[PDB]
Structure formats: C-alpha cells, structure tokens
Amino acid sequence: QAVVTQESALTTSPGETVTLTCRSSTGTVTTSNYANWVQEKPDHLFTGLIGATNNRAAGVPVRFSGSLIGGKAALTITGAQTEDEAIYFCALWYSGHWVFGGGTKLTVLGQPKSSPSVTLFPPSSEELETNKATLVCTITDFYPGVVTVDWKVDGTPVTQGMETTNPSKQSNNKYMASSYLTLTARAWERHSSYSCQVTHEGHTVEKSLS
C-alpha cells in the first residue's frame, strides 16, 4: 500500500507561520483521503487536531488549519506558539485503512540555540576482561533537538556497530542524546584513534581519543 511522507523536521519562531506537508506515494492526496493531523506532546500524549482535511476538532486553537496544496495535504500553524513544539503526524484514509506518515518534529524556538556539550569515554578495564569494548559519546544541552553523529576509527568513517538514541528532552528544555561504538576488545587494541563527531545547526563538535 501507500507510503506517506512528511518533512522530518522544521524550525520556526513564535508569531510566525509554518506549513507542514503530507504526501502519498500513490500520487495525489485528495478529499477522499480524509487527511487527519495528530499531535504528539511529551509523554506520549496524543491529540487529534484536524480530520477530513480541514475540519478542526473542538478545543484546538484557531491557529491550526488544514488544506490540500499541490496534490499534498497540509497543516498550517498561523502564529506558531512555544507550546506548539511537538511531533505532528499525518494519516491518510485508503479504503478502510489508515496510513500514517513518519511525523514531523517541529521546533518553535523558545530560547537561544545552544551547542551540544560532548564527552567521549574510553572502554573501562572491567569491560575489557569480557573481551568487548564500548565507546560512549554523550551529547547534552543542545537546542534545537536535532543532531547528527558520525564516528571515525583511524580516520576511516565507521559504518556498522554504532547506535545513537533519539534526542530526549532535558529539564531545562534542551535535549540530550547518546551514541555507542561497539567493538571487540581485539579491534579496540588494533586501532589507535577514535572519534565521535556531532553536527548541530551546521557546526561540528568533535571529541577524540587515542
């Protein structure tokens, strides 16, 4: 069946107007897809904003509206506010089946952009006894909440053995994330330089160890 796609992430300022789009692989969204828009707020809290393309539910502020634009369904937030920083999912009706898009992470700047503080840790001697070596790269205090992490071992890009968590919101409303490089203790011993590189808002912060 259909593949529904949405922007991954978007940033706006409060008082501004933003539009989120939702496309079907099938060709063109129409009125018979009854496009819905659902909001996801921190702590898995879901609220239906719009259904049947442009019918707003009761209680949803008037700044949310829906429409069809260029063959796509769209959500417009006229005058985005600070509490609008959330994930917005799209859902398209196809003959009795709902198909949801991957969600758009919307950021509404409620504070100054803040760069990740990165720390890279070497595997501990106790773990080396089990013949495994975990490198840990902790990334905190960044805003907005979207980062990109790349690893290098002896200057070569790493393509497997790495796992990074999805950014999670801190108590000061900045985000934090973690990344892991999992080697065998032999491998660790055979390489000499290890790098964790974090890309945030076009700037790269890199931590390394020999």
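Numbering starts at 1 and follows the sequence shown.
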On the chain's distribution of Cα B-factors, residue 103 falls within the third called lowest
Residue 45: CA temperature factor from the record, placed by chain third, in the highest
By the entry's values, the third containing the CA B factor of residue 129 is the middle
By the entry's values, the third containing the CA B factor of residue 185 is the middle
Chain-relative C-alpha B factor for residue 59 (record values, thirds): the highest
